[PDB]
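Have a look at the structure below before the remarks.
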Amino acid sequence: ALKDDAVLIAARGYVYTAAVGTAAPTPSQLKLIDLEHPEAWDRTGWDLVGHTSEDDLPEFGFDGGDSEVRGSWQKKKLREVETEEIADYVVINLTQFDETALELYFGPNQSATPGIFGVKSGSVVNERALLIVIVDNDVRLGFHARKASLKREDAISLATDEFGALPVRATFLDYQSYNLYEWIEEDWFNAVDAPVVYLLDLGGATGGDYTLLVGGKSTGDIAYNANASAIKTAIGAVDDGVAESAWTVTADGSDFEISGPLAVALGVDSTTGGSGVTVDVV
Amino acid sequence: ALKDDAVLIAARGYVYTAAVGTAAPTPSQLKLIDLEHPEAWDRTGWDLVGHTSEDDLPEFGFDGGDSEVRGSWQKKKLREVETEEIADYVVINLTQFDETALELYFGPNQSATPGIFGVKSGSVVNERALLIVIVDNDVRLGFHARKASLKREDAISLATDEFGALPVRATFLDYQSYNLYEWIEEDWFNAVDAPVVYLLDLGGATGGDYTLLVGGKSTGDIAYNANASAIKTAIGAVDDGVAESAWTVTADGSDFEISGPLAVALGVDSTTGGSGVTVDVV
Amino acid sequence: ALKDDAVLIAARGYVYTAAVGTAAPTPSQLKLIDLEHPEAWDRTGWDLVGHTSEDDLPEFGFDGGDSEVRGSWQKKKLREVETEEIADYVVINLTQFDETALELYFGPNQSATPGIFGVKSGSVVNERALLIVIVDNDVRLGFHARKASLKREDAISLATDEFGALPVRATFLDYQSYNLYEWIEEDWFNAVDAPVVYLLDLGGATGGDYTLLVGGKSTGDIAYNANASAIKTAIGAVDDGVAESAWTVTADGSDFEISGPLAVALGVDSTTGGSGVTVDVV
Amino acid sequence: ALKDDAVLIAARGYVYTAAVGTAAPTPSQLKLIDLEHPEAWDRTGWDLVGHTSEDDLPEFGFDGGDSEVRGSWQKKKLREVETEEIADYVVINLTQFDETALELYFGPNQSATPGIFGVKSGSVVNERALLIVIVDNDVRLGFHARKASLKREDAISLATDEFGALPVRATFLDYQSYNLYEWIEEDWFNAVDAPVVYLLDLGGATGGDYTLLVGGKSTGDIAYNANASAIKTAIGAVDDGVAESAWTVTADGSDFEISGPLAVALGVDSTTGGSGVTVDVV
Amino acid sequence: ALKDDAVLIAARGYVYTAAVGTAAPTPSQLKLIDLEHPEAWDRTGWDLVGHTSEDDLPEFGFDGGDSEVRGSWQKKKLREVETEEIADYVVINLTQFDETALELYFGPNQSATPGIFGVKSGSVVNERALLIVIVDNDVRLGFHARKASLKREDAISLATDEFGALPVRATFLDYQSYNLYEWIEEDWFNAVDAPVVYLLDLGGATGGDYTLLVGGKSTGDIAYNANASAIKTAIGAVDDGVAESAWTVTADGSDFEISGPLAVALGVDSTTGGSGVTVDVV
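Chains as they are written, first to last, in PDB author numbering: chain C, 2 to 283; chain B, 2 to 283; chain A, 2 to 283; chain G, 2 to 283; chain L, 2 to 283.
So this is what it looks like as structure tokens:
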């Protein structure tokens, strides 16, 4: 279904890392968590990766994944076969230059003396857990990987007016029978299939009649004191392809549930009392 | 011929998916369905895939089709032959981060937990039927594939001022006896030579209780010596998608002419017997 | 051989198609035919492909034609060879989504059902004749191929703010003893060597004198009373590489028709009232 | 048609806001409303925005809408296309500096303490429903929008001569099933298309004759006791060819009434007794 | 050459619309129609657009039309070309706010309820035919666009001291091989020449058999044409708005000559006395 609440702009976001395997905040915690302070979290061990580029948001790419359509002499297209496997990564453009951000790009500090960061000959291993939180007016698309192997992706960028940047690629590694990686919103994933209810209210009406509008098409006159079976009858009697048995209607005085296969609204109202009729959605 | 009705401009459109092999709404239904609610339709089983990007529309690409002109020593240019056969697809840029629209990009949820969606490996099988309805003015060009294999086309896009995108390539695969895919629009493809008319008999009968069928559904019942308006309003049955204003009827007292946007058939023949009744195309 | 009328701009134009081998309008008919009604022509069998994009006109490309020069130890750089045979084509961007334009891009309709256009796996032949008429402001350069093989050249283009398009490539194939393709225009292919001639009016102005500007050199003064031989030797007097044997001068009664190796223009007029002196092409 | 009372001068007016989606008063019960008091209206939830400026009235602008005329190589001037979607908005200038004016412009108060309105780093979402009323001599055109995104349009004005003001732009946006905004006035939109009728009242006549006129043209004398068909014949008999069959005529009280495609009036009158003949629209 | 009649001043005017393709009144009707009542004309169904700004007269602008001069390496100036085709339009400042004006600004009314006018998005199509009649000294330069696509030009204008306005642009489009617009005036655009005459030749004739077409309808019966000029007070009495003084008539022996503002056509009188009366143009 088309949901307008789940279309996402990445307007601000945060990136965290920890020793491999650490649990991210649970999907109920992630909406209450304070993002700038990993020292305050109930899921301890996360810490911030430092500032990250506004121009270069994390690129959730892949490499490999080529495939060909194959078939017999008889039927030319019957399976699509992978030539080589997908491998999954994210590219992160760090911009802070502390040890806390050079360590992801170069690997662990190779010298112990104060005020320097030392580097050795190549092929160091730098596996780390990764958490990312993309935040849009307090909707929070969370992403977590139990293990990722980090490597530098391209040269260190410098400029005279833009920020310098340390582009690092995290490649996702399968860890200890956990998932490869994982997305964390309470309201969007494995959520309960609750049908839409139009919450009609007669609003203190007295005398006269009103008309429902369903799928953009209008029913007849509904009396200010009509019952649930009559309302269900009048919606089902709209010339619009769905039977009466497709609908439900349930009552509490002025309050009604209406629910079924199409959108419901109000056309004309002449019910001469209170606010007149209204229609909310649950 | 040149026609100005058929220069498509595709300003809005809806993308739907279903389990492999499910049929689309027919050419005469496509002109009448409510597009935003797939649970209302005849030809059930479709689900709306969610928001699709307004700039990166579905691209109907193909790979292969490499072709060479050939001929023998005596006759230099006699055939054009395909060195590689046409592997055929449509690329949809989904822009919604629900389970309903990640499932096409990553395969099924792979975890039990409420509020989480997980990933395991690069390889998955994700085969679906596809329907696209492309709308401008009143023309609604449909496109239907009985079986398509879905894979991710490239990286998840993110930006600070434009919606994040989940691009999937649907690649078409051959499904038993059926076409690889069908374009659907009643006004254009296989169009009838002249606007169709159906005959109906009163035939010198008596007593004359009978029932019609339109759009696969039975009318209200019709009596002896019925007026053209009485037949027209009985054909205007509220089980259908079509208003009485769209139908037309005419008569010679013995015989009737009927015409409109759906086919007419005899639902139940005249209960009194006698000379009986029939219905057919003129 | 500079001819400004023959410098073509394709500002408007038409594309037609018919069963293989069908004959185009003769060059003398091509000036008379009504280009939007092929049903009316003296050459029966043509019909239009429908609308074509304005931005992307027919592209008369070719593939192959690679060649090299080769020799022997006996004899250096002996002969050229064409190492693969040149393969002409034209690409037409159709824009109707009607059956009359889907059938060129997808081959024949694979479904008998009214309102749908089925497509199937594998190769489809779709050989047919082609006629194109390019209409530069009342000159009509036609082009005809008695057999072309039509294949889809690229993806269907869809956009929200520009007409959708179906690129078809028509490769040209040899048919019987006929040419591969022909350009048809009565004025300027295989036409007569029409003489270029100048008319010196002299239609009044009894008294006074004028020069003539020949090849951009002025001759001296000549009087209104002059005869054909006097005009000839005055034209022949200039320094510029030509003499009285190269020129011709003739008269329609004090009104001179002249020809030769160089252009002639009015130079300077000083004749009496009456506006007689003027020179221009026949 | 020309309607001299549908020409609007925006001499006075009022502006109101509410939570997203709340209904405005219906047009029946917009005539009765007390506009200074948005408490105790027909439909509740509205609040007054405060004093809007007296010279810089609300302006119903829009952004985008650049459209271009598309074509084809065969025929140009096919359908026109919008290259940008029209973004309707209204700009309102508020002369008040109280919290009810500042929370439209800055978004909600960022401070809890009495007697201050603290504000903070921007990007604040401020969606609101909007109602505007224009008042002109007892006709009262209203306007209503279900959702608008309010934002600051330009700098705050201050001066020593005339009141300061805050400019705010309300961009209209879609909100579920409903229209973008709706104009409200009872006698104008969707009102019954009733034809014009003229009463011809004989004013207490006792004898004599009179000339009627139509479209500025007179007709021959009508007796004080002429019947409906006689006057219908005589008014239909004039030069201009609006013949008898174009006219409807009726009678009661010994008077007559006329209706038809041209306006009617009284010319010369010789009728004895009473006021003489009388005629006007009824 | 110059004349002072054709120096238009546009002191008053009218603007009309209708369904696409309908025909304006002919040049000889436009001189005698009554402009305020489109239901009276018997040309077709036009409707009057309502009041228009009394000082923002219609602006017949255009977009595009840019041009430059092309050449060659030999010759620098050989033809002028236009890089964009002329996109013609007219801008009309409507000023009444009734539905008959708002339909042209916002497109057709999207709300079904009494007293509410609604709108939802761009990509609406609002094709109409357009007629403008520009009046001074009762000369009437008409203008007629066969198909025009109306859109809003800029914002609704509201003011405290002069009328509000609804600026619409109508862009002219090609319809079905007609002119994209026409200017209509019988005295100016063609046949600026001595007035047309029709000759009737009586032949061999007897008796009061009669019929004579003028303006498409028969004149009333006349006895044997037996008196000179006696066709006056019949022509100029059954005349559709052009009385006796408009008609100039002469007769001698077998010959009657007739001239005036509307065409005389076929007639046949006094049959069986010989060859009968006959008619032709001079």
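Built from N, CA and C at the ideal position, the CB exists for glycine as well.
Unbroken alpha helix (DSSP H) run spanning residue i, endpoints
i, result
"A231 (chain G)", "229-237"
"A102 (chain G)", "100-106"
"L31 (chain B)", "28-31"
Residue nearest to residue i in terms of C-alpha spacing, selected from the options
i, options, result
"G66 (chain A)", "A:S54, A:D57, A:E83", "A:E83"
"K233 (chain A)", "A:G242, A:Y225, A:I259, A:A224", "A:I259"
"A156 (chain G)", "G:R147, G:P168, G:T220", "G:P168"
"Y90 (chain A)", "A:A171, A:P196, A:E245", "A:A171"
"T249 (chain A)", "A:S230, A:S276, A:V21, A:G242", "A:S230"
"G275 (chain G)", "G:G205, G:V215, G:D5, G:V243", "G:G205"
"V265 (chain C)", "C:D241, C:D253, C:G254, C:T96", "C:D241"
"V215 (chain A)", "A:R153, A:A88, A:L201", "A:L201"
"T114 (chain A)", "B:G123, B:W74, B:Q177, B:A192", "B:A192"
"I87 (chain C)", "C:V198, C:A252, C:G62, C:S178", "C:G62"
Supposed close pair residue i, residue j - CB separation, criterion 8 Å
i, j, result
"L9 (chain C)", "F164 (chain B)", "7 Å"
"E245 (chain L)", "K32 (chain L)", "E245 (chain L) to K32 (chain L), Cβ: 17 Å. No contact."
"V16 (chain C)", "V239 (chain B)", "Incorrect: roughly 58 Å between the Cβ atoms, too far for contact."
"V21 (chain G)", "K148 (chain G)", "5 Å"
"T251 (chain L)", "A235 (chain L)", "So it is not a contact: roughly 16 Å between Cβ atoms."
Neighbourhood of residue i by C-beta, 6 Å cutoff - its chain only, sequence neighbours within 5 removed
i, result
"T101 (chain L)", "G51"
"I135 (chain G)", "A11, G14, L142"
"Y211 (chain G)", "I223, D270, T272, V278"
"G108 (chain A)", "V125, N127"
"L105 (chain B)", "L151, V169"
"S54 (chain B)", "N94, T96, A166"
"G261 (chain A)", "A247, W248"
CB of residue i within 7 Å of CB of residue j, strictly
i, j, result
"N94 (chain C)", "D64 (chain C)", "no"
"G268 (chain L)", "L213 (chain L)", "yes"
"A7 (chain C)", "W189 (chain C)", "yes"
"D48 (chain B)", "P59 (chain B)", "no"
"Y225 (chain G)", "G208 (chain G)", "yes"
"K78 (chain B)", "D139 (chain A)", "no"
"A146 (chain B)", "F173 (chain B)", "yes"
"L181 (chain G)", "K121 (chain L)", "yes"
"residue 284 (chain C)", "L131 (chain C)", "Here chain C comprises residues numbered 2 to 283, so residue 284 (chain C) is not present and cannot be evaluated."
Limits of the unbroken beta strand (DSSP E) element including residue i
i, result
"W184 (chain B)", "182-185"
"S73 (chain G)", "Counting along the chain, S73 (chain G) falls outside any beta strand (DSSP E), and DSSP gives it neither H nor E."
"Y90 (chain B)", "88-95"
"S158 (chain C)", "Element bounds for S158 (chain C): n/a, residue is neither H nor E."
"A252 (chain A)", "249-252"
"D57 (chain L)", "Neither: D57 (chain L) is in no beta strand (DSSP E) and is coded neither H nor E."
Where residue i meets chain E, residues with beta-carbon distance less than 8 Å
i, result
"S54 (chain A)", "Any reference to chain E falls outside this structure, whose protein chains are C, B, A, G and L."
Contact set for residue i: own chain, Cβ-Cβ below 7 Å, skip 5 residues either direction
i, result
"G119 (chain A)", "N110, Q111, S112"
"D35 (chain L)", "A41"
"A25 (chain A)", "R44, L132, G143, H145, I185"
Same chain only: Cβ atoms within 8 Å of residue i, ignoring 5 sequence neighbours per side
i, result
"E154 (chain L)", "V92, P168, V169, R170"
"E69 (chain C)", "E81, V82, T84"
"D256 (chain G)", "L200, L201, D202, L203"
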